[PDB]
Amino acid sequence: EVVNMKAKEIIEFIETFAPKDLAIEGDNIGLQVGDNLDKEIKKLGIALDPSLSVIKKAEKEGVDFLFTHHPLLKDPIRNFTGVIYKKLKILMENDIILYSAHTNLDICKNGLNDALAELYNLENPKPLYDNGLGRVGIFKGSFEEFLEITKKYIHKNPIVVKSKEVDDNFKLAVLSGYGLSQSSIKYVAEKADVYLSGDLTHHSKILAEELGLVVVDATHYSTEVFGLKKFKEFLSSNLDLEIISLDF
């Protein structure tokens, strides 16, 4: 039986899986665009980004509730022109609800970071940061086995900054999305031998090389979508509601 749900029921279910208070300070989570949460929902769409093409695709596929991992806006605005105008207009004239679980989806049990920790079967995993982001533990295997898993399940040509030789049973840190800032490299260099994340840039590569931290950039997109598919299939398994993905 596939059935219609009210928006508020979907939201309460998502927030049971990924409570809002797990979100780190200042993260723009929750209702992005919407008014009435009693709205009946026929079709739930899941996306990584609330991009313009995702929102156009939501309109085309008759999506009533659009879930995105990333918030619509990180920085507040007071004028509505260009792209943000095009996006809000499509959402508002179609009364499409836009809702986000961001770092709360990263941090929660079986969330985006746990999905990575489980894929690599990390021994005794711990949160990588104090705020609960990322996971770290021992990878029980060779660097090459880790690489093959990375290539088979996450991304084919990952960038490897092979700063040093890596022995079997090494400490592996994972962080879905963008974990490769300079300050993150410095912090993680103390906690792990290998750091798997996304969005490598030049100064961070150089730093990783100086510190002997092996960094694997399997992209921002892929390291999050892996967990986001698990999330989608979790929702499909529990809600009798048509659910589609839009940018994955």
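The numbering used is simple: start at 1 and walk along the sequence shown.
Per the PDB record, of the two stretches 187-195 and 22-30, 22-30 carries the greater mean B-factor over its C-alpha atoms. Remark: stretch with higher mean C-alpha B factor among 33-41 and 212-220 is 33-41. Of the residues listed, 98, 138, 88, 116, the entry assigns the biggest Cα temperature factor to 138. Based on the entry's C-alpha B-factors, the most elevated value among 103, 176, 81, 124 belongs to 124.
Residue-level temperature factors show residue 235 in the middle third of its chain, judged at the C-alpha atom. Sort the modelled residues of the chain by CA B factor and residue 72 lands in the lowest third.
Remark: residue 247 belongs to the lowest third of its chain, ranked by C-alpha B-factor as recorded.
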